[PDB]
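A short write-up of the structure that comes next.
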Protein chains: 2
Amino acid sequence: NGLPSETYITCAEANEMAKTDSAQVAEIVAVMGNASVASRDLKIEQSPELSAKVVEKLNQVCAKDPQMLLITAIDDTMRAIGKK
Amino acid sequence: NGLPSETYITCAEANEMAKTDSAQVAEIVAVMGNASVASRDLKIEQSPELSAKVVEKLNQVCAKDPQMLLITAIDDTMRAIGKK
């Protein structure tokens with residue numbers, strides 16, 4: 001919880017900023033996401049489309065429960081795609 | 001040299017595309033960039049300040065060498081960071 005404001009931000013609210021700054025929102029989500037999911041296989045193809053997905057479905061989950069911080073929310077995707 | 005167009009595109013020309021799509025470009029460079037550099041230490045965090053950085057100076061290096069493919073270009077950046 002003692003993380004920088006950007007990292008401690010909620011994924012749902014990340015969409016709010018996305019209209020102004022899609023870059024910093026989609027980047028961190030993708031950059032962390034891919035690196036953190038590579039932890040279980042290490043061959044997660046680096047392609048804009050996959051990232052585009054991680055902020056689409058993830059924010060959808062956030063819409064269901066706002067108690068998910070951006071940092072933890074994407075971690076649930078790590079386990080979702082992390083089914084090896 | 002037989003890789004898909006986008007990943008076979010030079011860092012210099014990738015910046016050109018960023019003018020139309022800053023996302024796909026800043027993403028892929030930070031995505032694999034951070035993933036590859038973290039493969040040497042894993043002490044490297046993910047921040048929006050890094051994408052801008054890895055696509056800034058690199059495009060300048062590739063401005064001196066248009067032959068530098070995106071993949072190779074980022075490798076050279078890893079070398080710089082891996083220099084400890």
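Chain labels run A, B, ... following the order of the structure tokens; each chain numbers its residues from 1, and ligands are numbered from 1 in the order shown.
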
Pull the closest atom pair for each residue of chain B that gets at most 7 Å from chain A, along with the distance in Å to one decimal, counting only C-alpha atoms, ordering rows by chain and then ascending residue number, as a tab-separated table.
```
residue	atom	partner	partner_atom	distance
B:23	CA	A:23	CA	5.5
B:24	CA	A:48	CA	5.1
B:27	CA	A:27	CA	5.5
B:28	CA	A:46	CA	6.2
B:30	CA	A:31	CA	6.1
B:31	CA	A:31	CA	4.4
B:32	CA	A:46	CA	6.3
B:35	CA	A:35	CA	5.2
B:46	CA	A:32	CA	6.1
B:47	CA	A:28	CA	6.1
B:48	CA	A:24	CA	5.1
```

Write the selection just made, keeping N, CA and C atoms, as an mmCIF file, in the first residue's frame?
```
data_model
loop_
_atom_site.group_PDB
_atom_site.id
_atom_site.type_symbol
_atom_site.label_atom_id
_atom_site.label_comp_id
_atom_site.auth_asym_id
_atom_site.auth_seq_id
_atom_site.Cartn_x
_atom_site.Cartn_y
_atom_site.Cartn_z
ATOM 1 N N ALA B 23 1.355 4.137 -28.505
ATOM 2 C CA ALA B 23 1.121 3.018 -27.602
ATOM 3 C C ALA B 23 1.879 1.767 -28.033
ATOM 4 N N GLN B 24 1.557 1.244 -29.224
ATOM 5 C CA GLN B 24 2.177 0.012 -29.733
ATOM 6 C C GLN B 24 3.702 0.086 -29.734
ATOM 7 N N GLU B 27 5.127 0.604 -25.938
ATOM 8 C CA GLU B 27 4.799 -0.610 -25.248
ATOM 9 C C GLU B 27 5.837 -1.678 -25.532
ATOM 10 N N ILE B 28 5.963 -2.041 -26.799
ATOM 11 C CA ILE B 28 6.837 -3.131 -27.208
ATOM 12 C C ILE B 28 8.290 -2.888 -26.811
ATOM 13 N N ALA B 30 9.272 -1.097 -24.127
ATOM 14 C CA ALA B 30 9.361 -1.193 -22.684
ATOM 15 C C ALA B 30 9.062 -2.612 -22.244
ATOM 16 N N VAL B 31 8.094 -3.227 -22.913
ATOM 17 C CA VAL B 31 7.704 -4.595 -22.644
ATOM 18 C C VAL B 31 8.898 -5.532 -22.728
ATOM 19 N N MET B 32 9.495 -5.683 -23.913
ATOM 20 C CA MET B 32 10.654 -6.551 -24.043
ATOM 21 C C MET B 32 11.875 -5.924 -23.406
ATOM 22 N N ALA B 35 11.723 -6.524 -19.774
ATOM 23 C CA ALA B 35 11.754 -7.971 -19.603
ATOM 24 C C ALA B 35 13.153 -8.521 -19.837
ATOM 25 N N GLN B 46 9.129 -1.063 -13.167
ATOM 26 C CA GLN B 46 8.396 -0.632 -14.341
ATOM 27 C C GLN B 46 7.694 0.691 -14.089
ATOM 28 N N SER B 47 8.154 1.728 -14.762
ATOM 29 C CA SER B 47 7.554 3.044 -14.644
ATOM 30 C C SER B 47 7.401 3.704 -16.022
ATOM 31 N N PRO B 48 6.372 4.585 -16.188
ATOM 32 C CA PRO B 48 6.090 5.283 -17.471
ATOM 33 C C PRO B 48 7.254 6.156 -17.921
#
```

As a compact mmCIF listing (two decimals) with N, CA, C and O atoms, in the first residue's frame, please: chain A after a least-squares superposition onto chain B using all C-alpha atoms matched in order.
```txt
# COMPACT_ATOMS: atom_id res chain seq x y z
N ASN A 1 16.03 -12.25 -38.68
CA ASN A 1 15.48 -11.45 -39.76
C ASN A 1 14.11 -11.97 -40.18
O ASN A 1 13.29 -11.23 -40.72
N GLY A 2 13.86 -13.24 -39.90
CA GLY A 2 12.58 -13.84 -40.22
C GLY A 2 11.57 -13.62 -39.11
O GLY A 2 10.93 -14.56 -38.64
N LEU A 3 11.45 -12.38 -38.69
CA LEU A 3 10.54 -12.01 -37.63
C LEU A 3 9.37 -11.23 -38.20
O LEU A 3 9.46 -10.69 -39.31
N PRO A 4 8.23 -11.19 -37.47
CA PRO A 4 7.05 -10.42 -37.87
C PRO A 4 7.42 -8.99 -38.26
O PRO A 4 8.35 -8.41 -37.69
N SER A 5 6.69 -8.44 -39.22
CA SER A 5 6.97 -7.10 -39.76
C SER A 5 7.15 -6.05 -38.66
O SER A 5 8.03 -5.19 -38.75
N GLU A 6 6.32 -6.12 -37.63
CA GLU A 6 6.38 -5.17 -36.52
C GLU A 6 7.71 -5.29 -35.77
O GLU A 6 8.36 -4.30 -35.46
N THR A 7 8.10 -6.53 -35.49
CA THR A 7 9.33 -6.80 -34.74
C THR A 7 10.58 -6.59 -35.60
O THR A 7 11.66 -6.26 -35.08
N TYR A 8 10.44 -6.75 -36.90
CA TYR A 8 11.53 -6.61 -37.84
C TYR A 8 11.65 -5.15 -38.32
O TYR A 8 12.49 -4.81 -39.15
N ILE A 9 10.82 -4.28 -37.77
CA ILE A 9 10.82 -2.89 -38.15
C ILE A 9 12.02 -2.16 -37.52
O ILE A 9 12.56 -2.60 -36.51
N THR A 10 12.44 -1.08 -38.14
CA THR A 10 13.54 -0.30 -37.62
C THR A 10 13.06 0.67 -36.56
O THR A 10 11.96 1.21 -36.64
N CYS A 11 13.90 0.90 -35.57
CA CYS A 11 13.57 1.78 -34.46
C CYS A 11 13.32 3.22 -34.93
O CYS A 11 12.45 3.91 -34.39
N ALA A 12 14.08 3.66 -35.92
CA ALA A 12 13.90 5.00 -36.48
C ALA A 12 12.51 5.13 -37.10
O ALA A 12 11.80 6.12 -36.87
N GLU A 13 12.12 4.13 -37.87
CA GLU A 13 10.80 4.10 -38.50
C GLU A 13 9.69 3.89 -37.47
O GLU A 13 8.52 4.17 -37.74
N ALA A 14 10.05 3.39 -36.29
CA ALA A 14 9.09 3.20 -35.24
C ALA A 14 8.58 4.55 -34.76
O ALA A 14 7.45 4.69 -34.30
N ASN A 15 9.43 5.56 -34.92
CA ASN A 15 9.08 6.93 -34.56
C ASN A 15 8.06 7.45 -35.55
O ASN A 15 7.13 8.18 -35.18
N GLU A 16 8.24 7.08 -36.81
CA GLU A 16 7.31 7.43 -37.87
C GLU A 16 5.90 6.96 -37.52
O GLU A 16 4.95 7.72 -37.63
N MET A 17 5.77 5.71 -37.09
CA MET A 17 4.47 5.17 -36.69
C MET A 17 3.99 5.76 -35.36
O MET A 17 2.81 5.91 -35.15
N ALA A 18 4.94 6.06 -34.48
CA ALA A 18 4.66 6.61 -33.14
C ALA A 18 3.68 7.79 -33.17
O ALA A 18 2.90 7.96 -32.25
N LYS A 19 3.74 8.59 -34.21
CA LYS A 19 2.84 9.75 -34.32
C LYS A 19 1.39 9.29 -34.52
O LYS A 19 0.45 9.99 -34.15
N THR A 20 1.24 8.12 -35.09
CA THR A 20 -0.05 7.56 -35.33
C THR A 20 -0.42 6.58 -34.21
O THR A 20 -1.55 6.56 -33.73
N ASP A 21 0.56 5.81 -33.78
CA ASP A 21 0.36 4.81 -32.75
C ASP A 21 1.54 4.75 -31.79
O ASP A 21 2.39 3.86 -31.90
N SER A 22 1.61 5.71 -30.89
CA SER A 22 2.65 5.74 -29.87
C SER A 22 2.61 4.48 -28.99
O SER A 22 3.64 3.99 -28.55
N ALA A 23 1.40 3.96 -28.78
CA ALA A 23 1.20 2.82 -27.89
C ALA A 23 1.98 1.58 -28.33
O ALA A 23 2.87 1.14 -27.62
N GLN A 24 1.68 1.07 -29.51
CA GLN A 24 2.30 -0.17 -30.00
C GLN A 24 3.81 -0.02 -30.19
O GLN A 24 4.55 -1.00 -30.18
N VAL A 25 4.26 1.21 -30.38
CA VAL A 25 5.68 1.48 -30.57
C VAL A 25 6.42 1.52 -29.25
O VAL A 25 7.43 0.84 -29.07
N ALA A 26 5.89 2.28 -28.31
CA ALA A 26 6.53 2.45 -27.02
C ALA A 26 6.36 1.22 -26.16
O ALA A 26 7.22 0.89 -25.35
N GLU A 27 5.24 0.51 -26.36
CA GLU A 27 4.95 -0.67 -25.58
C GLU A 27 5.97 -1.75 -25.82
O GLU A 27 6.71 -2.11 -24.92
N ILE A 28 6.03 -2.26 -27.06
CA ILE A 28 6.97 -3.33 -27.40
C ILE A 28 8.40 -2.98 -26.99
O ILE A 28 9.10 -3.81 -26.40
N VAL A 29 8.83 -1.75 -27.27
CA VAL A 29 10.15 -1.29 -26.88
C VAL A 29 10.36 -1.40 -25.35
O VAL A 29 11.40 -1.88 -24.89
N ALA A 30 9.36 -0.98 -24.59
CA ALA A 30 9.45 -1.00 -23.13
C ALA A 30 9.24 -2.40 -22.56
O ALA A 30 10.03 -2.87 -21.74
N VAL A 31 8.17 -3.05 -22.99
CA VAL A 31 7.82 -4.38 -22.52
C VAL A 31 8.98 -5.37 -22.73
O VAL A 31 9.35 -6.10 -21.81
N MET A 32 9.55 -5.41 -23.94
CA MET A 32 10.71 -6.25 -24.21
C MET A 32 11.93 -5.73 -23.49
O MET A 32 12.67 -6.51 -22.89
N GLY A 33 12.13 -4.42 -23.54
CA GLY A 33 13.28 -3.81 -22.92
C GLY A 33 13.42 -4.13 -21.44
O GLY A 33 14.46 -4.61 -21.01
N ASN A 34 12.36 -3.90 -20.68
CA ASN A 34 12.41 -4.12 -19.24
C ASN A 34 12.61 -5.61 -18.91
O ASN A 34 13.41 -5.95 -18.04
N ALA A 35 11.91 -6.47 -19.64
CA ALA A 35 12.01 -7.91 -19.41
C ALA A 35 13.38 -8.44 -19.78
O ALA A 35 13.91 -9.34 -19.13
N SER A 36 13.97 -7.87 -20.82
CA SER A 36 15.26 -8.32 -21.28
C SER A 36 16.40 -7.76 -20.44
O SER A 36 17.46 -8.36 -20.35
N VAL A 37 16.20 -6.59 -19.82
CA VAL A 37 17.23 -6.04 -18.95
C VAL A 37 17.13 -6.62 -17.55
O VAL A 37 18.12 -6.69 -16.82
N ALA A 38 15.93 -7.09 -17.17
CA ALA A 38 15.73 -7.77 -15.90
C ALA A 38 16.49 -9.09 -15.88
O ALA A 38 16.62 -9.73 -14.85
N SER A 39 16.99 -9.47 -17.02
CA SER A 39 17.71 -10.71 -17.18
C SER A 39 19.05 -10.66 -16.44
O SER A 39 19.64 -11.70 -16.13
N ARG A 40 19.52 -9.45 -16.12
CA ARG A 40 20.85 -9.29 -15.52
C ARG A 40 20.77 -8.85 -14.06
O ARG A 40 21.79 -8.77 -13.38
N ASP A 41 19.57 -8.58 -13.57
CA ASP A 41 19.41 -8.10 -12.20
C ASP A 41 18.04 -8.45 -11.65
O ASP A 41 17.89 -8.73 -10.46
N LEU A 42 17.04 -8.38 -12.52
CA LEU A 42 15.66 -8.79 -12.19
C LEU A 42 14.95 -7.83 -11.22
O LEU A 42 13.92 -8.18 -10.65
N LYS A 43 15.46 -6.62 -11.05
CA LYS A 43 14.79 -5.64 -10.19
C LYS A 43 14.59 -4.31 -10.91
O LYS A 43 14.49 -3.26 -10.27
N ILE A 44 14.52 -4.37 -12.23
CA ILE A 44 14.32 -3.16 -13.03
C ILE A 44 12.90 -2.59 -12.79
O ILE A 44 11.90 -3.14 -13.25
N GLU A 45 12.84 -1.53 -11.99
CA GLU A 45 11.58 -0.88 -11.62
C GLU A 45 10.68 -0.56 -12.83
O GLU A 45 11.11 0.07 -13.80
N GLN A 46 9.45 -1.02 -12.74
CA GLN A 46 8.46 -0.82 -13.78
C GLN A 46 7.82 0.55 -13.63
O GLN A 46 6.85 0.72 -12.87
N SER A 47 8.38 1.54 -14.29
CA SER A 47 7.84 2.88 -14.25
C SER A 47 7.86 3.52 -15.64
O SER A 47 8.88 3.50 -16.33
N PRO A 48 6.70 4.10 -16.06
CA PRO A 48 6.51 4.75 -17.38
C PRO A 48 7.67 5.65 -17.82
O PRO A 48 7.98 5.74 -19.01
N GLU A 49 8.30 6.31 -16.86
CA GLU A 49 9.38 7.23 -17.16
C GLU A 49 10.60 6.51 -17.75
O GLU A 49 11.19 6.98 -18.73
N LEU A 50 10.98 5.39 -17.15
CA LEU A 50 12.13 4.62 -17.64
C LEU A 50 11.90 4.17 -19.07
O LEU A 50 12.81 4.22 -19.90
N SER A 51 10.69 3.74 -19.35
CA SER A 51 10.32 3.32 -20.69
C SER A 51 10.41 4.51 -21.64
O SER A 51 11.01 4.42 -22.71
N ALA A 52 9.76 5.60 -21.26
CA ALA A 52 9.85 6.87 -22.00
C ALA A 52 11.31 7.18 -22.42
O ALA A 52 11.54 7.73 -23.48
N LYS A 53 12.27 6.78 -21.59
CA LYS A 53 13.69 7.02 -21.86
C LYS A 53 14.23 6.05 -22.92
O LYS A 53 14.95 6.46 -23.84
N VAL A 54 13.85 4.78 -22.81
CA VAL A 54 14.36 3.73 -23.70
C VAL A 54 13.98 3.95 -25.18
O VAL A 54 14.61 3.40 -26.06
N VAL A 55 12.97 4.75 -25.44
CA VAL A 55 12.58 5.02 -26.84
C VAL A 55 13.11 6.39 -27.30
O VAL A 55 13.16 6.69 -28.49
N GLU A 56 13.56 7.18 -26.34
CA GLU A 56 14.09 8.51 -26.63
C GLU A 56 15.56 8.43 -27.03
O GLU A 56 15.95 8.90 -28.11
N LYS A 57 16.36 7.82 -26.18
CA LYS A 57 17.78 7.70 -26.44
C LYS A 57 18.06 6.66 -27.52
O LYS A 57 18.94 6.84 -28.36
N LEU A 58 17.31 5.57 -27.50
CA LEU A 58 17.48 4.50 -28.47
C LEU A 58 17.27 5.02 -29.90
O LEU A 58 18.13 4.83 -30.76
N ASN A 59 16.15 5.69 -30.13
CA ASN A 59 15.85 6.26 -31.45
C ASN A 59 16.91 7.29 -31.85
O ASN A 59 17.15 7.53 -33.04
N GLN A 60 17.57 7.85 -30.85
CA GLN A 60 18.63 8.81 -31.08
C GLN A 60 19.82 8.09 -31.69
O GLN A 60 20.44 8.57 -32.64
N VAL A 61 20.12 6.93 -31.13
CA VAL A 61 21.17 6.06 -31.65
C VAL A 61 20.83 5.61 -33.07
O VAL A 61 21.69 5.61 -33.95
N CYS A 62 19.58 5.23 -33.30
CA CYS A 62 19.11 4.81 -34.62
C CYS A 62 19.32 5.92 -35.65
O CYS A 62 19.70 5.65 -36.79
N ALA A 63 19.06 7.16 -35.24
CA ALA A 63 19.29 8.32 -36.10
C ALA A 63 20.75 8.38 -36.57
O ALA A 63 21.06 8.94 -37.63
N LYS A 64 21.64 7.78 -35.79
CA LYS A 64 23.06 7.75 -36.11
C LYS A 64 23.36 6.63 -37.11
O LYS A 64 24.20 6.80 -38.00
N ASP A 65 22.65 5.52 -36.99
CA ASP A 65 22.85 4.37 -37.87
C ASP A 65 21.53 3.62 -38.07
O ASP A 65 21.03 2.97 -37.15
N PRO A 66 20.94 3.71 -39.27
CA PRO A 66 19.62 3.12 -39.56
C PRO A 66 19.65 1.59 -39.71
O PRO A 66 18.59 0.96 -39.77
N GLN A 67 20.84 1.02 -39.78
CA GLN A 67 21.00 -0.44 -39.91
C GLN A 67 20.59 -1.20 -38.65
O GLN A 67 20.72 -2.42 -38.57
N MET A 68 20.11 -0.48 -37.66
CA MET A 68 19.69 -1.08 -36.41
C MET A 68 18.19 -1.37 -36.42
O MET A 68 17.37 -0.45 -36.46
N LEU A 69 17.84 -2.66 -36.41
CA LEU A 69 16.44 -3.06 -36.32
C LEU A 69 15.96 -2.81 -34.90
O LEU A 69 16.76 -2.81 -33.98
N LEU A 70 14.66 -2.60 -34.72
CA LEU A 70 14.11 -2.30 -33.40
C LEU A 70 14.47 -3.40 -32.40
O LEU A 70 14.83 -3.12 -31.26
N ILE A 71 14.38 -4.64 -32.85
CA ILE A 71 14.65 -5.79 -32.00
C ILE A 71 16.12 -5.83 -31.52
O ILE A 71 16.39 -6.14 -30.36
N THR A 72 17.06 -5.50 -32.40
CA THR A 72 18.47 -5.51 -32.05
C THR A 72 18.90 -4.20 -31.38
O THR A 72 19.70 -4.22 -30.45
N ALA A 73 18.39 -3.09 -31.87
CA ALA A 73 18.70 -1.77 -31.31
C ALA A 73 18.52 -1.72 -29.80
O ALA A 73 19.44 -1.33 -29.08
N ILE A 74 17.35 -2.13 -29.31
CA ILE A 74 17.08 -2.10 -27.87
C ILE A 74 17.99 -3.05 -27.10
O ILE A 74 18.22 -2.89 -25.89
N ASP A 75 18.52 -4.04 -27.80
CA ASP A 75 19.43 -5.00 -27.19
C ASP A 75 20.75 -4.32 -26.82
O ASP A 75 21.45 -4.74 -25.90
N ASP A 76 21.06 -3.23 -27.52
CA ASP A 76 22.26 -2.45 -27.21
C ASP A 76 22.04 -1.65 -25.93
O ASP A 76 22.98 -1.30 -25.23
N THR A 77 20.79 -1.39 -25.61
CA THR A 77 20.47 -0.69 -24.39
C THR A 77 20.59 -1.66 -23.22
O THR A 77 21.00 -1.29 -22.12
N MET A 78 20.21 -2.92 -23.48
CA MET A 78 20.35 -4.01 -22.51
C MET A 78 21.77 -4.11 -21.99
O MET A 78 21.99 -4.44 -20.84
N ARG A 79 22.75 -3.84 -22.85
CA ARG A 79 24.15 -3.88 -22.44
C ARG A 79 24.58 -2.54 -21.84
O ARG A 79 25.42 -2.50 -20.95
N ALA A 80 23.99 -1.45 -22.34
CA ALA A 80 24.28 -0.10 -21.84
C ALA A 80 23.89 0.04 -20.36
O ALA A 80 24.70 0.44 -19.53
N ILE A 81 22.64 -0.30 -20.04
CA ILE A 81 22.16 -0.25 -18.66
C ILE A 81 22.54 -1.55 -17.96
O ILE A 81 22.48 -1.67 -16.74
N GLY A 82 22.96 -2.51 -18.76
CA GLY A 82 23.31 -3.81 -18.26
C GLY A 82 24.66 -3.85 -17.60
O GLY A 82 25.13 -4.92 -17.22
N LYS A 83 25.31 -2.70 -17.49
CA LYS A 83 26.59 -2.62 -16.81
C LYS A 83 26.39 -2.83 -15.32
O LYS A 83 26.09 -1.89 -14.59
N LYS A 84 26.53 -4.07 -14.89
CA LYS A 84 26.35 -4.39 -13.50
C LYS A 84 27.68 -4.52 -12.79
O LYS A 84 28.45 -5.45 -13.04
```

* To do: Enumerate as a PyMOL selection string all residues of chain A assigned to alpha helix (DSSP H) by DSSP on the backbone, naming them with the chain letters and numbers the document uses.
  => chain A and resi 11-18+22-37+48-54+56-64+70-80

Residue subset to file, keeping N, CA and C atoms, as a short mmCIF file (atom, residue, chain, number, x, y, z; two decimals), in the first residue's frame:
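Output (out_23.cif):
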```cif
data_model
loop_
_atom_site.label_atom_id
_atom_site.label_comp_id
_atom_site.auth_asym_id
_atom_site.auth_seq_id
_atom_site.Cartn_x
_atom_site.Cartn_y
_atom_site.Cartn_z
N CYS A 11 -7.20 0.20 -10.99
CA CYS A 11 -7.27 -0.11 -12.41
C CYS A 11 -8.48 0.55 -13.08
N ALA A 12 -9.59 0.63 -12.35
CA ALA A 12 -10.79 1.29 -12.87
C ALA A 12 -10.51 2.76 -13.14
N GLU A 13 -9.88 3.42 -12.18
CA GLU A 13 -9.50 4.82 -12.31
C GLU A 13 -8.40 5.02 -13.35
N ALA A 14 -7.68 3.95 -13.67
CA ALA A 14 -6.64 4.02 -14.68
C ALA A 14 -7.27 4.29 -16.04
N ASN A 15 -8.52 3.86 -16.18
CA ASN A 15 -9.29 4.08 -17.40
C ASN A 15 -9.64 5.55 -17.50
N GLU A 16 -9.95 6.14 -16.35
CA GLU A 16 -10.24 7.57 -16.26
C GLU A 16 -9.08 8.38 -16.83
N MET A 17 -7.86 8.06 -16.40
CA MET A 17 -6.67 8.76 -16.90
C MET A 17 -6.36 8.38 -18.35
N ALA A 18 -6.67 7.14 -18.71
CA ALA A 18 -6.40 6.60 -20.06
C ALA A 18 -6.89 7.52 -21.18
N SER A 22 -3.35 7.46 -22.33
CA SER A 22 -3.43 6.02 -22.58
C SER A 22 -2.06 5.36 -22.42
N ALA A 23 -1.01 6.09 -22.76
CA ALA A 23 0.35 5.56 -22.75
C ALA A 23 0.77 5.06 -21.36
N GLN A 24 0.82 5.96 -20.39
CA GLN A 24 1.30 5.62 -19.05
C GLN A 24 0.41 4.59 -18.36
N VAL A 25 -0.84 4.51 -18.79
CA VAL A 25 -1.78 3.57 -18.21
C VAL A 25 -1.60 2.18 -18.80
N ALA A 26 -1.57 2.11 -20.12
CA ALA A 26 -1.46 0.84 -20.80
C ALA A 26 -0.05 0.29 -20.70
N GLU A 27 0.93 1.18 -20.62
CA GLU A 27 2.32 0.78 -20.55
C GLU A 27 2.60 0.00 -19.29
N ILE A 28 2.46 0.65 -18.13
CA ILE A 28 2.72 -0.01 -16.85
C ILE A 28 1.95 -1.33 -16.72
N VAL A 29 0.68 -1.32 -17.09
CA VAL A 29 -0.13 -2.54 -17.06
C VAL A 29 0.49 -3.66 -17.92
N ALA A 30 0.95 -3.30 -19.12
CA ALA A 30 1.53 -4.27 -20.04
C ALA A 30 2.96 -4.64 -19.66
N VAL A 31 3.78 -3.62 -19.44
CA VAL A 31 5.18 -3.82 -19.10
C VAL A 31 5.34 -4.71 -17.85
N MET A 32 4.60 -4.41 -16.77
CA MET A 32 4.61 -5.24 -15.59
C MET A 32 3.95 -6.58 -15.85
N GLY A 33 2.81 -6.53 -16.53
CA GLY A 33 2.06 -7.73 -16.82
C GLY A 33 2.86 -8.79 -17.55
N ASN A 34 3.49 -8.41 -18.65
CA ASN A 34 4.24 -9.37 -19.46
C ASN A 34 5.44 -9.91 -18.68
N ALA A 35 6.14 -9.03 -17.98
CA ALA A 35 7.32 -9.43 -17.22
C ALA A 35 6.95 -10.33 -16.05
N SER A 36 5.80 -10.08 -15.45
CA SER A 36 5.37 -10.85 -14.31
C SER A 36 4.75 -12.18 -14.73
N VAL A 37 4.19 -12.26 -15.94
CA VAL A 37 3.64 -13.53 -16.41
C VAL A 37 4.73 -14.39 -17.03
N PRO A 48 1.75 -5.85 -29.04
CA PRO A 48 0.78 -4.81 -28.63
C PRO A 48 -0.64 -5.32 -28.39
N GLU A 49 -1.05 -6.32 -29.16
CA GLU A 49 -2.39 -6.86 -29.06
C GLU A 49 -2.64 -7.53 -27.70
N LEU A 50 -1.69 -8.34 -27.25
CA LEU A 50 -1.82 -9.03 -25.97
C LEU A 50 -1.95 -8.03 -24.83
N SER A 51 -1.18 -6.96 -24.90
CA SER A 51 -1.24 -5.91 -23.92
C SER A 51 -2.61 -5.23 -23.97
N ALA A 52 -3.01 -4.82 -25.17
CA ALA A 52 -4.35 -4.28 -25.40
C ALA A 52 -5.44 -5.12 -24.69
N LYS A 53 -5.22 -6.42 -24.58
CA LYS A 53 -6.17 -7.33 -23.94
C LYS A 53 -6.11 -7.21 -22.41
N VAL A 54 -4.89 -7.15 -21.87
CA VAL A 54 -4.67 -7.13 -20.42
C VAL A 54 -5.29 -5.90 -19.73
N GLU A 56 -8.11 -4.44 -21.11
CA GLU A 56 -9.52 -4.51 -21.49
C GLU A 56 -10.30 -5.40 -20.54
N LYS A 57 -9.84 -6.63 -20.39
CA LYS A 57 -10.50 -7.59 -19.53
C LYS A 57 -10.26 -7.27 -18.06
N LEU A 58 -9.06 -6.84 -17.74
CA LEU A 58 -8.71 -6.51 -16.36
C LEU A 58 -9.61 -5.40 -15.82
N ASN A 59 -9.72 -4.29 -16.56
CA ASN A 59 -10.57 -3.17 -16.15
C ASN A 59 -12.04 -3.62 -16.05
N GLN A 60 -12.36 -4.68 -16.78
CA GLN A 60 -13.70 -5.24 -16.75
C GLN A 60 -13.94 -5.87 -15.39
N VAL A 61 -12.93 -6.61 -14.93
CA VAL A 61 -12.95 -7.21 -13.60
C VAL A 61 -13.04 -6.13 -12.52
N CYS A 62 -12.26 -5.06 -12.69
CA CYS A 62 -12.26 -3.94 -11.75
C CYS A 62 -13.66 -3.32 -11.65
N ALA A 63 -14.34 -3.21 -12.79
CA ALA A 63 -15.71 -2.72 -12.82
C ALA A 63 -16.63 -3.55 -11.91
N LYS A 64 -16.24 -4.80 -11.69
CA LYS A 64 -17.01 -5.71 -10.84
C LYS A 64 -16.69 -5.46 -9.37
N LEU A 70 -4.46 -1.36 -9.09
CA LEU A 70 -3.88 -1.71 -10.40
C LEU A 70 -2.76 -2.74 -10.24
N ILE A 71 -1.94 -2.56 -9.22
CA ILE A 71 -0.81 -3.43 -8.98
C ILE A 71 -1.26 -4.88 -8.64
N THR A 72 -2.32 -5.02 -7.85
CA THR A 72 -2.81 -6.33 -7.46
C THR A 72 -3.75 -6.92 -8.52
N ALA A 73 -4.60 -6.08 -9.09
CA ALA A 73 -5.54 -6.49 -10.13
C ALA A 73 -4.86 -7.29 -11.25
N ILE A 74 -3.80 -6.73 -11.83
CA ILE A 74 -3.10 -7.40 -12.93
C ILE A 74 -2.45 -8.71 -12.47
N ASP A 75 -2.21 -8.82 -11.17
CA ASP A 75 -1.62 -10.02 -10.59
C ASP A 75 -2.61 -11.18 -10.69
N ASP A 76 -3.90 -10.86 -10.75
CA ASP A 76 -4.93 -11.88 -10.92
C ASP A 76 -4.92 -12.39 -12.35
N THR A 77 -4.41 -11.59 -13.26
CA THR A 77 -4.31 -12.00 -14.64
C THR A 77 -3.11 -12.94 -14.78
N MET A 78 -2.06 -12.65 -14.00
CA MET A 78 -0.87 -13.49 -13.92
C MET A 78 -1.23 -14.93 -13.59
N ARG A 79 -2.25 -15.12 -12.77
CA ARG A 79 -2.69 -16.47 -12.41
C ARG A 79 -3.69 -17.00 -13.44
N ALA A 80 -4.48 -16.10 -14.03
CA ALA A 80 -5.46 -16.47 -15.06
C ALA A 80 -4.77 -17.05 -16.29
#
```
